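Listed next as structure tokens is one chain, alone, in the form deposited in one PDB entry.
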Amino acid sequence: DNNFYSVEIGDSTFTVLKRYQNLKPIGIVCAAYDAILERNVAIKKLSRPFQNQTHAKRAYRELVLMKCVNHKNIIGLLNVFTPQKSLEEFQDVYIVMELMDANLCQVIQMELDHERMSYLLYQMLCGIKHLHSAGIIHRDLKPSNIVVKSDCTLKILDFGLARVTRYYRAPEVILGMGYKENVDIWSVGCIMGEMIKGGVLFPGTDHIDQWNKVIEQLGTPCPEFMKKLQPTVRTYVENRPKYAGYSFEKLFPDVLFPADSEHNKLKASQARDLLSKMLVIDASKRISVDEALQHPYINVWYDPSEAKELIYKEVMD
């Protein structure tokens, strides 16, 4: 398809296929109407993604991953193009995806029952399981890169890090430890917690501060865990005041949950239990995504009866 036009969106120029109509802003991403599919879509511009060695490797991975992965809780790729005609001309990539109605930041902020929180978390966990099954650990799961539809369907937008908002990263990442799949479970816990509490669990402007909120709430890790850290990280961490932390009953009381819910005392204890197994500093004692999906709080949703030449190269497929 070679039919291109241009529109000024805010400070940028989008130059897209004629099929994408009436662009409105929401990378820089605008919304459009796809005349050939008769639905709204999102168009994300990647400008000079090879502006350097880094943008290249992140863009190429995302671009490859987006093309070969597909699952219901991962945002769907509809199209990929470049308005430029040559490899020399080559400047910008456009990614067309399906368009949701809101990001998880907004949704967190709404008034949610147990049924909806459970469903969002369940979807999150399936998205992640699918990623791990493909050998992809996300390591950067945040409410801002998760979007949800009006009817509560949840899609994960990105594939995470290779290989500023730091609030959802696992202790392993701050502590320089090795990580495994259940790293992503820590992020889920943070999100879950945020949904119940009504605000970020561990809000901080740097590593020190992050760690602090973490230990102030969950308690200083035991000596066995301290010994797992490399010498230097260990000397810094063992030098920080000790904290007893709080039990999950005190961190997540009943009152925080929506008030007139059928069976909420049981539902709140299920939620607290799940949290208590997710917000666990020692990753070797933290639950897995598979165990999480089987947890009483989440398992209601299981149904037994159902189922730069490179970049440019990759854009022209």
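In this text, the rigid core denotes the largest set of C-alpha atoms whose superposition between the two forms falls within 1.5 Å. For every residue, the number given is its place in the sequence shown, counted from 1.
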Of the deposited residues between residue 26 and residue 27, the number without coordinates is 4 to 9
Higher of the two mean Cα B-factors (80 to 88, 230 to 238; per PDB record) comes from 80 to 88
Ranked by mean Cα B-factor in the entry, 89 to 97 and 133 to 141, top stretch is 89 to 97
Note to self: of 250, 285, 45, 48, the C-alpha temperature factor tops out at 48
One of 245, 223, 203, 198 has the largest Cα B-factor in the entry, namely 223
Of the three thirds of the chain ranked by Cα temperature factor, residue 158 occupies the highest
Chain-relative C-alpha B factor for residue 164 (record values, thirds): the highest
Residue 289: CA B-factor among chain residues, third -> middle
Of the three thirds of the chain ranked by Cα temperature factor, residue 211 occupies the lowest
Sorting the chain's modelled residues by C-alpha B-factor and splitting them into thirds places residue 170 in the lowest
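Keep in mind that the form solved in complex with a partner chain is not shown, yet the notes after this line are about it.
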In the bound PDB entry, does residue 225 come within 4.5 Å of its partner chain, counting heavy atoms only? no
Looking in the bound PDB entry, any heavy atom of residue 152 within 4.5 Å of its partner chain?
yes
Would residue 122 sit within 4.5 Å of its partner chain in the bound PDB entry, counting heavy atoms only?
-> yes
Quiz item: Should residue 115 be classed as touching its partner chain in the bound PDB entry when contacts are defined as heavy atoms within 4.5 Å?
Solution: yes
Students should find that, of 188, 131, 75, 107, the residue having a non-hydrogen atom no more than 4.5 angstroms from its partner chain in the bound PDB entry is 107
Within 4.5 Å of its partner chain in the bound PDB entry, heavy atom basis, the matching stretch of 180 to 188, 84 to 92, 243 to 251, 141 to 149 is 141 to 149
The residue to pick from 109, 73, 145, 217, given a Cα shift of 2 Å or more between the shown form and the other one after core fitting, is 109
Rigid core superposed: residue 296 CA moves 2 Å or more between the shown form and the other one:
no
